[PDB]
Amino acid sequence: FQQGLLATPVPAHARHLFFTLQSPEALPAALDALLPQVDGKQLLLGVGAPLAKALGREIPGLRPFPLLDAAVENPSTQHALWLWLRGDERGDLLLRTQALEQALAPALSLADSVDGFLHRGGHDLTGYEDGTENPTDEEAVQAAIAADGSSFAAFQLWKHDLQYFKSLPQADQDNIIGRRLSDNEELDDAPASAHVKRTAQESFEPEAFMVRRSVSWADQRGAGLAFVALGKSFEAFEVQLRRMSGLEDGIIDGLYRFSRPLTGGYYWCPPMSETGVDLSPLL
């Protein structure tokens, strides 16, 4: 039906690969080696708008990452293919990507990769628990999985300024997130710019529910959160990001005081059949 992008216990490590279609004529050999490996559990697949446009196919609901003319920076770095590796072994995830690069040889070239890890049981490097208000069980299926079993994922690589965020008094940190670090209690007196106040899923006229599967990351670029939002469409994520960016009321999310996204991508996660991944509407 769907890919296992909602599996309850999240593995300790993840690796997100992003490929650019450098040689579209050599695409058939790449798909012959990739598709038998896409089980939706240890290796998940996402199709970008450039890949659909290059093959002359239109995927309903698929479009590139939007362009927000706001006072904050939300870059659009749309790629052709997104590979999401999951597993408890960090080195195993590293060796699979090296094999995936060779198997995808001339058609697709690696444009970006993220060595992600689950901090604690699902906490940001700032210490705050993330995933408290994520839909669970069937309501996660209703909010993240479309009718045909497919999902629409948005990815953003947020870079944290941990030194500055920890320089603030604890009351300033809690007012930025909207939750108390000591006990994860929601602050009902937080300013409207608080992240929890900006992204309250029930505070939108169409309820902007979504399933978030974010993990932490750290390399030469710094450290932060690899944000992943899964939805039955992109409308949930996009209406949240527009309000965080101040495009609705003029109030900008407090996250931008210490963190900014480095990348931005929209990807269509194809449905699963009983005999593997179903990429038919494209293939």
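One rule holds for the numbers: they count along the sequence shown, beginning at 1.
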Stretch with higher mean Cα temperature factor, 222-230 vs 49-57, is 49-57
Averaging CA B factors per stretch from the PDB record, which one is higher: 185-193 or 83-91? 185-193
Based on what the PDB entry reports, which of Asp115, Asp112, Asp174, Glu202 has the top C-alpha B-factor? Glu202
Can you tell me which of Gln78, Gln170, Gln156, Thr97 has the maximum CA B-factor listed in the PDB entry? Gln170
Third of the chain, ranked by Cα B-factor, where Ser151 sits: lowest
Test of reading the entry: by CA B factor among the chain's modelled residues, which third contains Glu238? middle
When the modelled residues of the chain are sorted by Cα temperature factor, does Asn74 land in the lowest, middle or highest third? lowest
Entry-reported Cα temperature factor of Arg198, expressed as the chain third it lands in: middle
Record-listed C-alpha B factor of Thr263: chain third: lowest
